[PDB]
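Everything on this sheet refers to the single structure shown next.
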Protein chains: 2
Amino acid sequence: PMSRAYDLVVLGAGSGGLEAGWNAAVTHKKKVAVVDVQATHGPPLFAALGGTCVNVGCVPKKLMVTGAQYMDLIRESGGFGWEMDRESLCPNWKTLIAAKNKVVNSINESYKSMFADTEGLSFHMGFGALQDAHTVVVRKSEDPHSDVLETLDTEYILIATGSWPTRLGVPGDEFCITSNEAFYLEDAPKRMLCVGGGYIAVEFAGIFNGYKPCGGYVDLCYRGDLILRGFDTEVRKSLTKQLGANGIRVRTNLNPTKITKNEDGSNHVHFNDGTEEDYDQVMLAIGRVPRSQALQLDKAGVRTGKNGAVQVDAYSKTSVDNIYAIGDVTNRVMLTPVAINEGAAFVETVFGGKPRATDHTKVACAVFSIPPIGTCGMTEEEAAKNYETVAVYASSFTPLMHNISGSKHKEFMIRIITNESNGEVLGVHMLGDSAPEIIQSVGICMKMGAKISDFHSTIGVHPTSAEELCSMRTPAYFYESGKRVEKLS
Amino acid sequence: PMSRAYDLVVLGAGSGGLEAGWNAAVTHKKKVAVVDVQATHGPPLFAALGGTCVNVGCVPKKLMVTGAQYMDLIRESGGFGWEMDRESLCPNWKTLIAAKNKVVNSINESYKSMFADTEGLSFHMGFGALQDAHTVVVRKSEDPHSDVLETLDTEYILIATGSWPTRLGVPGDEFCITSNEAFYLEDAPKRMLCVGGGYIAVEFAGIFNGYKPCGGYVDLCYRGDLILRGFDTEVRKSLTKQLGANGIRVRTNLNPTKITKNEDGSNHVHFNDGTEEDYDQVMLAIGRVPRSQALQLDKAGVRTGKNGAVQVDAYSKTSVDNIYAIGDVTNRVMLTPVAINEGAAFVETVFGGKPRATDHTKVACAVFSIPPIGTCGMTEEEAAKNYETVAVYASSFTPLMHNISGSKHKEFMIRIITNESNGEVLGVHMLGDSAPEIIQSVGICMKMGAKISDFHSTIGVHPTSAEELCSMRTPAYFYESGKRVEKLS
Ligand SMILES: Cc1cc2nc3c(=O)[nH]c(=O)nc-3n(C[C@H](O)[C@H](O)[C@H](O)COP(=O)(O)OP(=O)(O)OC[C@H]3O[C@@H](n4cnc5c(N)ncnc54)[C@H](O)[C@@H]3O)c2cc1C
Ligand SMILES: Cc1cc2nc3c(=O)[nH]c(=O)nc-3n(C[C@H](O)[C@H](O)[C@H](O)COP(=O)(O)OP(=O)(O)OC[C@H]3O[C@@H](n4cnc5c(N)ncnc54)[C@H](O)[C@@H]3O)c2cc1C
Ligand SMILES: NCCCCc1cn(-c2ccc(-c3nc(CCc4ccccc4)cs3)c(OCCC3CCNCC3)c2)nn1
Ligand SMILES: NCCCCc1cn(-c2ccc(-c3nc(CCc4ccccc4)cs3)c(OCCC3CCNCC3)c2)nn1
């Protein structure tokens, strides 16, 4: 049947969008249109071809986290007998950004190669918006009276417009920055305030701390008692302690009430406790909400809810049968590899014939803090709620190399959460160098329903930090009927 | 029954010995005597309380590998904008050794605490030798006419005397060093020749290369075509290439015929090809044979064979019923965690009542080369022999951070070997930073009989090097009836 210009229009050329578009085009010879707002990373729109991850997320972030680590690694080299002037050690921030821009730019460039070279896959630059269930309009600007560039007549629509940082909404909010603006800063700031206690706040605290000029400092300021909500409690306390030792002042039960601009350019910040303080820059990392607010979803009749989240079934389908939505715009787990899996499972479902729903349980993630976190599965707090009897295995050690490096604060931590019944591993929570690498392969065991038996029965790899997974036999303590107990009934 | 001084005498206070001794003593309240030749690391005997691993193996080696990495890491920091004088960058070897000695010393010290503090576990310093099946004699020196220090009357004997470096046996052999002597060298050598192509040769090449003074160099000289026999062929070629780029000259089908001492202290080395060359030091790493040659095993009638290996059944028992032998002295897999498992499984078998034999299949190990290797299970060469149909998955990439670091030679490599029949994963072979950490948890999956299905069905952790395990769906090529084929019948 030769009806409609495109089989599939994809709003958002990000992690979810491109996977879907590319699969649909090459493996199922479908005609696929992919809409995004710019082809290259940067202000004023930030996101681009490749999406948030490539342009202003996972990729550039980890490049910069890697950069800031050299501060620690250079300190540490001295114990191993690397004499070299430590007074001459101020990192050049401009050289880092240049390098990071070069790398992101080459990815954007390799995505233009993809489109020109791949048959039946076209890229449409502007602002997508629905008109009906079968029509997506592309505009110059997001202002819905902007000149219309293209009207894409399509059989299926896939909404993959991702998410956008949330603002603080107080007198002074417009003088603060976010992840987006942080990546283009001309100079590393001397006096830096990271507002928030989520993984972005923490990762960027670590970056700024590494790239701070001589005499500078980083405060991390959080609404609540303990940073990294929904992470292992003892891992969060240990990281709080290690950010401290690395020179990051963590402040809790603290919220800016007001920001005003000083004469030199810096920002005055009033807080809850009465305290006033001056910062060269103030970065809000207080959450990310879906971008559905300009897609005019009301017009097509696709179902919205909790903060513009696209209401979606297991197979990613909206209220309208031909319109699907994946990634951060759905407001489930906001990770790149999830969106990629949802997009892959969308093409298999609709165009493959072979239906599949993404599996959201025990998906491993990481925090690229200094030091880093690797986690997969559930905290002991939620295990003790959903499970009769729960064993908590726990082990903390300092790798011998830190007796030499001077970094004696760098406790490596592993906690495993069990179902007593059958030994099943419900959660693994690691803090320390290499954790994100180790957890990936933990995530495979946990997928295969690994019991604690399966860990301690594995011959170890010496000397390693991971070999301590296979040395955890005796539980530290338990939970029967969701209350902590010294020992088991 | 109150008969015999000790339930158990353990010749060798190493990885195997101490595990066995300690388990027997605390968990089974047995009376345990542990014999070793000195309580502290160092010349002229090197090994000590804690064994080869703690004193002159895994532990000090990795400390020094960690040290040498700083050479690369400091180079790499520049791309991320770490300005600092690179002309002022010669590592102080004396500071490294001091530090490494401090660390090993504290372990030796913590093992004396263990003995004094632990009831029914005594330490007997000298040279063990059998007299009969129930009597171990301890002598001042290994000369079997040395003054006798103790006669230990015992019900069970456990031989855990480990192994010892092999010599080259040519005119000049006595002027060369080994792993043992390398660890106490007063100065880092300017012109270093590592003879051998085993993991020790390669790891030490990397150390010397990091700690070489200004203008110095390291040659790695190997008998055969390709270093690291019994490793993935494409991993060995890739590492050969990366040692090259890191400044190590690899030489193959090359063997020293003769070494003589020069006037200044250096060594003249004649080779096969006719070539003569001068080296400040020459380190032989050409294999390790059991220490059974002074235990006078002939007297007790315990069965020897291939190079003094103690002939042993699955449960570690010698020809004599009450005498067992574990670790490198058996000449199976010569790794610390194996010996520890054999010792643990000896105490459970004999003293526990609950018999168990160590499982030697798909045990993950690592090479602390620069860059490092993580491997578990079988090469495609032996898979293609023992299996009808074999799939080989393979992927090589350069992490984006090396576009910035300048280290563009640092290809990260993963190869998986499958049984086509059922998808089972028979082998995983990784080269690159973090590999030894990643392989540990691969070793758990492979223990649980993971299929390739189980890998690619796992949501990935972004951005990571390990997430490329879960992105390998299409085999690179196969093997039916042990011959390589482009594609499958
Ligand atoms: C600072 C930061 C760090 C992160 N680090 C990690 C990490 O380490 N690991 C990880 O797994 N995840 C990480 N994430 C999360 C990751 O970026 C997202 O989960 C992922 O990008 C979501 O993919 P998506 O397909 O939902 O949308 P995106 O990848 O965000 O793609 C959405 C695209 O839609 C476009 N778009 C928006 N509106 C329109 C419109 N009207 N018309 C057309 N196009 C439009 C945007 O320009 C954008 O390019 C990070 C996120 C941030 C912000
Ligand atoms: C340089 C090097 C690096 C290594 N790196 C690693 C690594 O990274 N990972 C890994 O898993 N393995 C590694 N190994 C291997 C590891 O050291 C051995 O596999 C392990 O130590 C074997 O333990 P064992 O119990 O068999 O004996 P050992 O640990 O060697 O203990 C034997 C002990 O017996 C004592 N002894 C000898 N003869 C007598 C006697 N007559 N009387 C009394 N005592 C005696 C010795 O003094 C010694 O202390 C390495 C080995 C070397 C040499
Ligand atoms: N007519 C059919 C045959 C067409 C055949 C065809 C391929 N390309 C083509 C073009 C590009 C890419 C990519 N590049 C990156 C960025 C990688 C990068 C960039 C710079 C430096 C280092 C690394 C991610 S993806 C690509 O990968 C396919 C996978 C998918 C994964 C899901 N997302 C989209 C890409 C295929 N050009 N022609
Ligand atoms: N009467 C019964 C109760 C006795 C109770 C009792 C314990 N100790 C005791 C004493 C020592 C150690 C060790 N230390 C290291 C070295 C660790 C180290 C050293 C320096 C710096 C950093 C790290 C390895 S092991 C130990 O660990 C038990 C496990 C075993 C594992 C198998 N090998 C032997 C030790 C127990 N002292 N008193």
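Residues are referred to by chain and number: the chain letter is A, B, ... according to the order shown in the structure tokens, the number counts from 1 in that chain, and ligands are numbered separately from 1 in the order shown.
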Region 250-257 of chain B environment, 12 Å, only C-alpha atoms, sequence neighbours closer than 6 positions dropped, as a CSV table (one decimal) with N, CA, C and O atoms, in the first residue's frame:
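Saved result, out06.csv, follows:
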chain,number,residue,atom,x,y,z
B,168,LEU,N,67.7,-20.4,33.5
B,168,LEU,CA,67.8,-20.5,32.0
B,168,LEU,C,68.9,-21.6,31.7
B,168,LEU,O,68.8,-22.2,30.6
B,169,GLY,N,69.8,-21.8,32.7
B,169,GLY,CA,70.9,-22.9,32.6
B,169,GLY,C,71.8,-22.7,31.4
B,169,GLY,O,71.9,-23.6,30.6
B,170,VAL,N,72.4,-21.5,31.3
B,170,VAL,CA,73.4,-21.2,30.2
B,170,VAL,C,74.6,-20.6,30.9
B,170,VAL,O,74.5,-20.0,32.0
B,171,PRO,N,75.8,-20.5,30.3
B,171,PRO,CA,76.9,-19.7,30.8
B,171,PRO,C,76.4,-18.3,31.0
B,171,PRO,O,76.2,-17.6,30.0
B,172,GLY,N,76.3,-17.8,32.2
B,172,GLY,CA,75.9,-16.4,32.6
B,172,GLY,C,74.6,-16.3,33.4
B,172,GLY,O,74.2,-15.2,33.7
B,173,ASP,N,73.9,-17.5,33.6
B,173,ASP,CA,72.6,-17.6,34.3
B,173,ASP,C,72.6,-16.9,35.7
B,173,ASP,O,71.6,-16.2,36.0
B,176,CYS,N,71.8,-13.0,36.1
B,176,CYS,CA,70.4,-12.6,35.8
B,176,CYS,C,69.7,-12.6,37.2
B,176,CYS,O,70.2,-13.2,38.1
B,193,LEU,N,66.3,-5.9,30.3
B,193,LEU,CA,65.9,-7.0,29.4
B,193,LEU,C,65.0,-8.0,30.3
B,193,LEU,O,65.6,-8.5,31.2
B,194,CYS,N,63.7,-8.1,30.0
B,194,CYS,CA,62.8,-9.1,30.6
B,194,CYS,C,62.8,-10.3,29.6
B,194,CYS,O,62.2,-10.2,28.6
B,195,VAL,N,63.5,-11.4,30.0
B,195,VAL,CA,63.4,-12.7,29.2
B,195,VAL,C,62.1,-13.4,29.6
B,195,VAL,O,61.9,-13.5,30.8
B,196,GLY,N,61.4,-13.9,28.7
B,196,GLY,CA,60.1,-14.6,28.9
B,196,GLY,C,58.9,-14.0,28.2
B,196,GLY,O,59.0,-12.8,27.9
B,197,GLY,N,57.8,-14.7,28.0
B,197,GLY,CA,56.6,-14.2,27.4
B,197,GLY,C,55.3,-14.6,28.2
B,197,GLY,O,54.2,-14.4,27.7
B,201,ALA,N,56.7,-11.9,33.1
B,201,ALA,CA,57.6,-11.2,32.2
B,201,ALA,C,56.9,-9.9,31.8
B,201,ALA,O,57.5,-8.8,31.9
B,202,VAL,N,55.6,-10.0,31.3
B,202,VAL,CA,54.8,-8.9,30.7
B,202,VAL,C,54.5,-7.9,31.8
B,202,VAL,O,54.8,-6.7,31.5
B,205,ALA,N,57.8,-6.1,32.7
B,205,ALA,CA,58.2,-5.2,31.6
B,205,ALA,C,57.5,-3.9,31.8
B,205,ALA,O,58.2,-2.8,31.8
B,206,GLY,N,56.2,-3.9,32.0
B,206,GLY,CA,55.4,-2.7,32.3
B,206,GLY,C,55.8,-1.8,33.4
B,206,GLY,O,55.8,-0.6,33.3
B,217,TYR,N,65.2,2.3,28.6
B,217,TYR,CA,64.4,1.5,27.7
B,217,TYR,C,64.2,0.1,28.3
B,217,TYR,O,65.0,-0.4,29.2
B,218,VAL,N,63.1,-0.6,27.9
B,218,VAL,CA,62.8,-2.0,28.3
B,218,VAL,C,62.7,-2.9,27.0
B,218,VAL,O,61.8,-2.5,26.2
B,219,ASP,N,63.4,-4.0,26.9
B,219,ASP,CA,63.2,-5.0,25.9
B,219,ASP,C,62.5,-6.2,26.6
B,219,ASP,O,62.9,-6.5,27.7
B,220,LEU,N,61.5,-6.7,25.9
B,220,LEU,CA,60.9,-8.0,26.3
B,220,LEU,C,61.3,-9.0,25.2
B,220,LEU,O,61.0,-8.8,24.0
B,221,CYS,N,62.0,-10.1,25.6
B,221,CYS,CA,62.6,-11.1,24.7
B,221,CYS,C,62.0,-12.5,25.0
B,221,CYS,O,62.1,-13.0,26.1
B,222,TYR,N,61.3,-13.0,24.0
B,222,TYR,CA,60.5,-14.3,24.1
B,222,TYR,C,61.0,-15.3,23.1
B,222,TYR,O,61.2,-15.0,21.9
B,223,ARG,N,61.2,-16.6,23.6
B,223,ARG,CA,61.5,-17.8,22.8
B,223,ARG,C,60.7,-18.0,21.6
B,223,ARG,O,61.2,-18.4,20.6
B,224,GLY,N,59.4,-17.6,21.6
B,224,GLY,CA,58.3,-18.0,20.7
B,224,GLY,C,57.8,-16.9,19.8
B,224,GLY,O,58.4,-15.8,19.9
B,225,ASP,N,56.8,-17.2,19.0
B,225,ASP,CA,56.3,-16.2,18.0
B,225,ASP,C,55.5,-15.1,18.7
B,225,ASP,O,55.6,-13.9,18.2
B,226,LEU,N,54.6,-15.4,19.6
B,226,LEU,CA,53.6,-14.5,20.2
B,226,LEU,C,53.5,-14.7,21.7
B,226,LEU,O,53.3,-15.8,22.2
B,227,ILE,N,53.7,-13.6,22.5
B,227,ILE,CA,53.7,-13.7,24.0
B,227,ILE,C,52.4,-14.1,24.5
B,227,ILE,O,51.4,-14.1,23.7
B,228,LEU,N,52.3,-14.5,25.8
B,228,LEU,CA,51.1,-15.0,26.5
B,228,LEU,C,50.5,-16.2,25.8
B,228,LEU,O,49.3,-16.1,25.4
B,237,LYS,N,48.0,-10.3,20.3
B,237,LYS,CA,48.5,-9.5,19.2
B,237,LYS,C,48.3,-8.0,19.5
B,237,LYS,O,49.2,-7.2,19.4
B,239,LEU,N,47.9,-6.6,22.5
B,239,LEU,CA,48.7,-6.2,23.7
B,239,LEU,C,50.1,-6.0,23.2
B,239,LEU,O,50.7,-5.0,23.6
B,240,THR,N,50.6,-6.9,22.4
B,240,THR,CA,52.0,-6.8,21.8
B,240,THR,C,52.0,-5.4,21.2
B,240,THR,O,53.0,-4.7,21.4
B,241,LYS,N,51.0,-5.0,20.4
B,241,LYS,CA,50.9,-3.7,19.7
B,241,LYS,C,50.9,-2.6,20.8
B,241,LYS,O,51.5,-1.5,20.5
B,242,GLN,N,50.3,-2.8,21.9
B,242,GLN,CA,50.1,-1.6,22.9
B,242,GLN,C,51.3,-1.5,23.8
B,242,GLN,O,51.6,-0.4,24.2
B,243,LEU,N,52.0,-2.6,24.1
B,243,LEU,CA,53.3,-2.5,24.8
B,243,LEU,C,54.3,-1.7,23.9
B,243,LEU,O,55.0,-0.9,24.4
B,244,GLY,N,54.3,-2.0,22.6
B,244,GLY,CA,55.1,-1.3,21.6
B,244,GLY,C,54.9,0.2,21.7
B,244,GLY,O,55.9,0.9,21.9
B,267,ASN,N,75.6,-6.0,32.0
B,267,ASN,CA,75.7,-7.4,31.5
B,267,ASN,C,75.7,-7.4,30.0
B,267,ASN,O,74.8,-6.7,29.4
B,268,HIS,N,76.7,-8.0,29.4
B,268,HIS,CA,76.7,-8.3,27.9
B,268,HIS,C,75.8,-9.5,27.7
B,268,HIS,O,76.0,-10.5,28.4
B,269,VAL,N,74.9,-9.5,26.7
B,269,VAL,CA,74.0,-10.6,26.3
B,269,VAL,C,74.1,-10.9,24.8
B,269,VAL,O,73.8,-10.1,24.0
B,270,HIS,N,74.6,-12.1,24.6
B,270,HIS,CA,74.6,-12.8,23.2
B,270,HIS,C,73.3,-13.4,23.1
B,270,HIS,O,72.7,-14.0,24.1
B,271,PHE,N,72.7,-13.4,21.9
B,271,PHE,CA,71.4,-14.0,21.5
B,271,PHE,C,71.6,-15.0,20.4
B,271,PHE,O,72.7,-15.2,19.8
B,272,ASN,N,70.5,-15.7,20.0
B,272,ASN,CA,70.3,-16.6,18.8
B,272,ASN,C,70.8,-15.9,17.5
B,272,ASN,O,71.8,-16.5,16.9
B,273,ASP,N,70.2,-14.8,17.2
B,273,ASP,CA,70.4,-14.1,15.8
B,273,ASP,C,71.8,-13.6,15.6
B,273,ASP,O,72.1,-13.1,14.5
B,274,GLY,N,72.7,-13.8,16.6
B,274,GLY,CA,74.1,-13.3,16.6
B,274,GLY,C,74.3,-12.1,17.4
B,274,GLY,O,75.3,-12.0,18.1
B,275,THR,N,73.3,-11.2,17.4
B,275,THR,CA,73.2,-9.9,18.2
B,275,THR,C,73.8,-10.1,19.6
B,275,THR,O,73.5,-11.0,20.2
B,276,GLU,N,74.6,-9.1,19.9
B,276,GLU,CA,75.1,-8.9,21.3
B,276,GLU,C,74.6,-7.5,21.8
B,276,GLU,O,74.5,-6.6,21.0
B,277,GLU,N,74.2,-7.4,23.1
B,277,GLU,CA,73.7,-6.1,23.7
B,277,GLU,C,74.0,-6.1,25.2
B,277,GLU,O,74.1,-7.1,25.8
B,278,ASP,N,74.0,-4.8,25.7
B,278,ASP,CA,74.3,-4.5,27.1
B,278,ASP,C,73.1,-4.1,27.8
B,278,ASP,O,72.3,-3.2,27.3
B,282,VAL,N,69.0,-8.1,33.8
B,282,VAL,CA,68.4,-9.1,33.0
B,282,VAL,C,67.5,-10.0,33.8
B,282,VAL,O,68.1,-10.7,34.7
B,283,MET,N,66.2,-9.9,33.6
B,283,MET,CA,65.2,-10.6,34.5
B,283,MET,C,64.6,-11.8,33.8
B,283,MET,O,63.8,-11.6,32.8
B,284,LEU,N,64.8,-13.1,34.3
B,284,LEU,CA,64.3,-14.3,33.8
B,284,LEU,C,62.9,-14.6,34.4
B,284,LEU,O,62.8,-14.6,35.6
B,286,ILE,N,60.6,-17.3,33.1
B,286,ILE,CA,60.5,-18.4,32.0
B,286,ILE,C,59.8,-19.6,32.7
B,286,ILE,O,59.8,-20.7,32.1
Set the cut-off to 7 Å and count only C-alpha atoms: what are the residues of chain A that reach chain B? Output as JSON, numbers by chain. {"A": [58, 59, 63, 67, 70, 74, 77, 80, 81, 82, 83, 84, 88, 89, 90, 91, 92, 93, 95, 96, 99, 336, 337, 338, 363, 364, 365, 366, 401, 404, 434, 437, 438, 440, 441, 442, 443, 444, 445, 447, 448, 454, 455, 458, 459, 460, 461, 462, 463, 464, 465, 466, 467]}
Can you tell me, as a compact mmCIF listing (two decimals) with C-alpha atoms, in the first residue's frame, which residues in region 100-164 of chain A count as alpha helix (DSSP H) by DSSP?
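Wrote states-v6.txt, looks like this:
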# COMPACT_ATOMS: atom_id res chain seq x y z
CA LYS A 100 34.94 17.99 25.03
CA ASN A 101 33.30 20.18 22.27
CA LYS A 102 35.66 18.58 19.62
CA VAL A 103 34.46 15.08 20.74
CA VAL A 104 30.67 15.87 20.82
CA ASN A 105 31.07 17.72 17.48
CA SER A 106 32.56 14.60 15.79
CA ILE A 107 29.54 12.52 17.01
CA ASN A 108 27.05 15.10 15.60
CA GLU A 109 29.12 14.94 12.34
CA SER A 110 28.99 11.10 12.33
CA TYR A 111 25.15 11.30 12.73
CA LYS A 112 24.87 13.51 9.58
CA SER A 113 26.92 10.80 7.72
CA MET A 114 24.34 8.25 9.06
CA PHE A 115 21.33 10.10 7.52
CA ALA A 116 22.79 11.04 4.06
CA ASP A 117 24.22 7.44 3.77
Just checking: using only C-alpha atoms and all ligand atoms, which residue out of A:15, A:40, A:161, A:292 ends up closest to ligand 3?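 Closest candidate: A:15.
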Considering only C-alpha atoms, return as a PyMOL selection string whatever protein or nucleic-acid residues lie within 10 Å of region 309-312 of chain B, sequence-local ones (same chain, fewer than 5 positions apart) excluded. chain B and resi 159-160+162-163+289-293+297+302-304+317-320+323-332
Residue selection dump (N, CA and C atoms) as an mmCIF file, in the first residue's frame:
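The resulting selection.cif:
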data_model
loop_
_atom_site.group_PDB
_atom_site.id
_atom_site.type_symbol
_atom_site.label_atom_id
_atom_site.label_comp_id
_atom_site.auth_asym_id
_atom_site.auth_seq_id
_atom_site.Cartn_x
_atom_site.Cartn_y
_atom_site.Cartn_z
ATOM 1 N N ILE B 159 50.972 -30.305 52.427
ATOM 2 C CA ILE B 159 52.135 -29.730 51.693
ATOM 3 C C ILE B 159 51.600 -28.568 50.860
ATOM 4 N N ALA B 160 52.077 -27.356 51.132
ATOM 5 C CA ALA B 160 51.633 -26.091 50.508
ATOM 6 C C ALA B 160 52.852 -25.174 50.420
ATOM 7 N N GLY B 162 54.292 -24.184 47.708
ATOM 8 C CA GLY B 162 54.186 -23.365 46.486
ATOM 9 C C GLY B 162 55.233 -23.742 45.442
ATOM 10 N N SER B 163 55.795 -22.729 44.782
ATOM 11 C CA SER B 163 56.663 -22.869 43.586
ATOM 12 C C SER B 163 57.788 -21.832 43.635
ATOM 13 N N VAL B 289 58.436 -23.782 38.898
ATOM 14 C CA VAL B 289 58.301 -25.233 39.208
ATOM 15 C C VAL B 289 57.994 -25.380 40.694
ATOM 16 N N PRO B 290 57.299 -26.463 41.110
ATOM 17 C CA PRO B 290 57.085 -26.756 42.531
ATOM 18 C C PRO B 290 58.356 -26.790 43.395
ATOM 19 N N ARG B 291 58.247 -26.431 44.681
ATOM 20 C CA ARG B 291 59.276 -26.747 45.708
ATOM 21 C C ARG B 291 58.908 -28.059 46.406
ATOM 22 N N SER B 292 59.375 -29.193 45.884
ATOM 23 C CA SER B 292 59.215 -30.528 46.515
ATOM 24 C C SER B 292 60.583 -31.183 46.722
ATOM 25 N N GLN B 293 61.632 -30.538 46.213
ATOM 26 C CA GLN B 293 62.978 -31.134 46.010
ATOM 27 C C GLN B 293 63.752 -31.203 47.336
ATOM 28 N N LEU B 297 60.236 -36.025 49.993
ATOM 29 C CA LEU B 297 58.928 -36.700 49.828
ATOM 30 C C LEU B 297 59.136 -38.207 49.642
ATOM 31 N N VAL B 302 55.380 -40.167 49.307
ATOM 32 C CA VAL B 302 54.339 -39.371 48.584
ATOM 33 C C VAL B 302 54.761 -39.228 47.119
ATOM 34 N N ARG B 303 53.774 -39.306 46.230
ATOM 35 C CA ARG B 303 53.957 -39.500 44.775
ATOM 36 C C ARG B 303 54.284 -38.147 44.130
ATOM 37 N N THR B 304 55.436 -38.073 43.443
ATOM 38 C CA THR B 304 55.941 -36.929 42.622
ATOM 39 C C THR B 304 55.718 -37.252 41.129
ATOM 40 N N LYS B 317 44.420 -35.212 47.964
ATOM 41 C CA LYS B 317 45.081 -36.310 48.731
ATOM 42 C C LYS B 317 46.243 -36.889 47.913
ATOM 43 N N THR B 318 47.424 -37.065 48.515
ATOM 44 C CA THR B 318 48.603 -37.717 47.879
ATOM 45 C C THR B 318 48.408 -39.235 47.886
ATOM 46 N N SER B 319 49.443 -39.988 47.498
ATOM 47 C CA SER B 319 49.506 -41.472 47.584
ATOM 48 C C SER B 319 49.336 -41.962 49.033
ATOM 49 N N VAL B 320 49.806 -41.193 50.022
ATOM 50 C CA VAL B 320 49.645 -41.491 51.478
ATOM 51 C C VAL B 320 48.336 -40.840 51.950
ATOM 52 N N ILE B 323 48.324 -37.588 54.184
ATOM 53 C CA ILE B 323 49.100 -36.461 53.596
ATOM 54 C C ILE B 323 48.366 -35.949 52.357
ATOM 55 N N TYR B 324 48.051 -34.658 52.355
ATOM 56 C CA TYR B 324 47.391 -33.909 51.261
ATOM 57 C C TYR B 324 48.375 -32.851 50.766
ATOM 58 N N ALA B 325 48.108 -32.259 49.605
ATOM 59 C CA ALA B 325 48.939 -31.186 49.006
ATOM 60 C C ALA B 325 48.078 -30.289 48.112
ATOM 61 N N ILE B 326 48.194 -28.980 48.321
ATOM 62 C CA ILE B 326 47.418 -27.950 47.585
ATOM 63 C C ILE B 326 48.375 -26.897 47.032
ATOM 64 N N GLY B 327 47.822 -26.026 46.195
ATOM 65 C CA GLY B 327 48.504 -24.846 45.653
ATOM 66 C C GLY B 327 49.468 -25.216 44.544
ATOM 67 N N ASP B 328 50.374 -24.287 44.243
ATOM 68 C CA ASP B 328 51.329 -24.331 43.111
ATOM 69 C C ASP B 328 52.170 -25.613 43.197
ATOM 70 N N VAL B 329 52.342 -26.202 44.378
ATOM 71 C CA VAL B 329 53.210 -27.407 44.514
ATOM 72 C C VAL B 329 52.577 -28.568 43.737
ATOM 73 N N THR B 330 51.265 -28.515 43.465
ATOM 74 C CA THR B 330 50.528 -29.567 42.701
ATOM 75 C C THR B 330 50.679 -29.342 41.184
ATOM 76 N N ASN B 331 50.884 -28.087 40.756
ATOM 77 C CA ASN B 331 51.219 -27.671 39.364
ATOM 78 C C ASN B 331 49.973 -27.787 38.477
ATOM 79 N N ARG B 332 48.783 -27.558 39.046
ATOM 80 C CA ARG B 332 47.517 -27.314 38.299
ATOM 81 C C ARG B 332 47.509 -25.832 37.896
#
Run DSSP on the backbone and give me the residues of region 126-352 of chain A it puts in strand (DSSP E), as a VMD selection string. chain A and resid 127 to 132 135 to 139 148 to 159 163 to 165 191 to 195 217 to 221 248 to 251 256 to 261 267 to 271 276 to 279 281 to 284 288 to 290 323 to 325
Enter the distance from CA of residue 153 (chain A) to CA of residue 131 (chain A), in Å, rounded to one decimal. 10.2 Å
Compare A:44, A:51, A:308, A:210 by their minimum atom-to-atom distance to ligand 3, counting only C-alpha atoms and all ligand atoms, and give me the closest one. A:51
Counting only C-alpha atoms and all ligand atoms, the option among A:238, A:421, A:489, A:179 closest to ligand 1: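 The closest residue to ligand 1 is A:179.
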B:415, B:190, B:288, B:408: which is nearest ligand 3, counting only C-alpha atoms and all ligand atoms? B:408
Smallest atom-to-atom distance to ligand 1: which of A:191, A:28, A:124, A:134, using only C-alpha atoms and all ligand atoms?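 Smallest separation from ligand 1 among the options: A:124.
Interatomic distance, atom 12 (N, counted along the ligand's line) of ligand 2 against CA of residue 334 (chain B): 6.6 Å.
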Here is a test: counting only C-alpha atoms, which residue of A:264, A:19, A:187, A:7 is nearest to residue 342 (chain A)?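 When distances to residue 342 (chain A) are compared using only C-alpha atoms, the smallest one comes from A:19.
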